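A.B. asks:
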Amino acid sequence: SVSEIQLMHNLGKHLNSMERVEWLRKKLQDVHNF
Amino acid sequence: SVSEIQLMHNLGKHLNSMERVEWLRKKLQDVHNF
Amino acid sequence: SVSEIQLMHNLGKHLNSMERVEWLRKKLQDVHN
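Same order as they appear, the protein sequences are chains B, A and C. Just so we're aligned, residue 145 is where the first sequence starts under PDB author numbering, counting upward by one. Just so we're aligned, residue 145 is where the second sequence starts under PDB author numbering, counting upward by one. Just so we're aligned, residue 145 is where the third sequence starts under PDB author numbering, counting upward by one.
1. If contacts are defined as beta-carbon pairs under 8 Å, then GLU163(A) and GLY156(C) qualify, I think. What distance do you get, rounded to the angstrom?
2. Within 8 Å (strictly less), CB to CB, does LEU159(B) reach chain A?
3. Along the chain, where does the alpha helix (DSSP H) containing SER161(B) start, and where does it finish?
4. The stretch 145-177 of chain B: which residues have C-beta closer than 9 Å to a C-beta of chain C, in chain order?
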């Protein structure tokens, strides 16, 4: 049904969310430093 | 300062985590019809 | 979707080949010296 390009798009968004959440968790001490 | 192989392994872990959620969702959907 | 599982699985297989080839390439470069 859903094209491969749409699954790839949705998977890409989920991957971005994972990566951005973990990035912020790691750099949260640096963000407080300002 | 992180290796290319490491970037690949970290991407692969995220992908594998998403895959396990989908596998479990499918297994539960079958099971709930008993 | 099981077509989502198929995609994810095939992407994981491509990534595993990319890592193996990348590992070999790096072992070749390290010896090129």
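Even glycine gets a Cβ: it sits at the ideal position worked out from N, Cα and C.
C.D. replies: By the coordinates alone:
1. In the second sequence, residue 163(A) corresponds to position 19, counting from 1. In the third sequence, residue 156(C) corresponds to position 12, counting from 1. Right, their Cβ atoms sit about 7 Å apart.
2. Here residue 159(B) is taken as the residue at index 15 of the first sequence, counted from 1. Interface residue, yes.
3. Here residue 161(B) refers to the residue found at position 17 of the first sequence. Element bounds for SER161(B): 148-176.
4. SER145, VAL146, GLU148, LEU151, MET152, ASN154, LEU155
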